[PDB]
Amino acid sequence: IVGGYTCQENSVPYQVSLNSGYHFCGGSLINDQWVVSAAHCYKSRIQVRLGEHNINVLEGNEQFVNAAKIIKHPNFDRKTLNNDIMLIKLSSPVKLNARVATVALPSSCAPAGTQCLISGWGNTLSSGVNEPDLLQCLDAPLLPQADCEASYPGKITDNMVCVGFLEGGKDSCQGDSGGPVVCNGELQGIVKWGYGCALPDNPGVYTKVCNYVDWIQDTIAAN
């Protein structure tokens, strides 16, 4: 997260860190046994870490759980990043509590202008790389599709939404990928991509979760 602020400890309880011996992507806990992330975050073996604040220090709220089933969207297009959504079934249910909680799926697609919260342990610089210890937070609005398309001529599908600021300075970045965009308590986006990070005229692009509730439900039910 570039230009965000340090979240209050355990204030984003649905936030998870995907680990492979190092943090490489975020995700969201949607039920005691399933995590939603980005298909581009796929790895054959993943340890999901919940209840994290300081990614490098054991603080006593952590739950570490291996992924049992990693299911990328059948239509994920690695090239265009269309359908960049993945489901992780954990090897065992987590203990839900105050620091480890679920986020709701969207009842409807959010209108442009709604204020959302984005979080992650992603890169904090607009240039170069800086990995933070503490979870970062960013308040940012969902932009009109026209602004999104305009910024990325020919690349935005209807499964994508832009969130951020046309002025730059504030945005998600590498390492925030697969992480959540929560608006009015519902998961509306997944950190996907953007050109650079926090650059003027290059808002972040996110997977539009409201287009996948059916799929998410079907999959959970079938697995």
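In case it trips you up, residue 1 is the first one in the sequence shown, and so on.
Comparing 28-36 with 189-197, the one whose average Cα B-factor in the PDB entry is higher: Stretch with the greater average CA B-factor: 28-36.
Mean Cα B-factor comparison, 51-59 or 173-181, giving the higher one as deposited: Averaging CA B-factors over each stretch, the winner is 51-59.
Options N75, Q136, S127, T114 - largest CA temperature factor per the record: Result of the comparison over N75, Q136, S127, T114: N75.
Peak C-alpha temperature factor (PDB record), options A150, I118, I85, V103: Result of the comparison over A150, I118, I85, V103: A150.
CA B-factor placement of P93, once the chain's modelled residues are sorted into thirds: Top third by C-alpha B-factor.
Chain third (lowest, middle, highest) by recorded CA B-factor, residue given as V163: Tercile = lowest for this residue's CA B-factor.
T6 by Cα B-factor - lowest, middle or highest third of the modelled chain: Tercile = lowest for this residue's CA B-factor.
Lowest, middle or highest third - CA B-factor, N19: It belongs to the middle third of the chain when residues are ordered by C-alpha B-factor.
Third of chain Cα B-factors occupied by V213: Highest third, going by the recorded CA B-factors of the chain.
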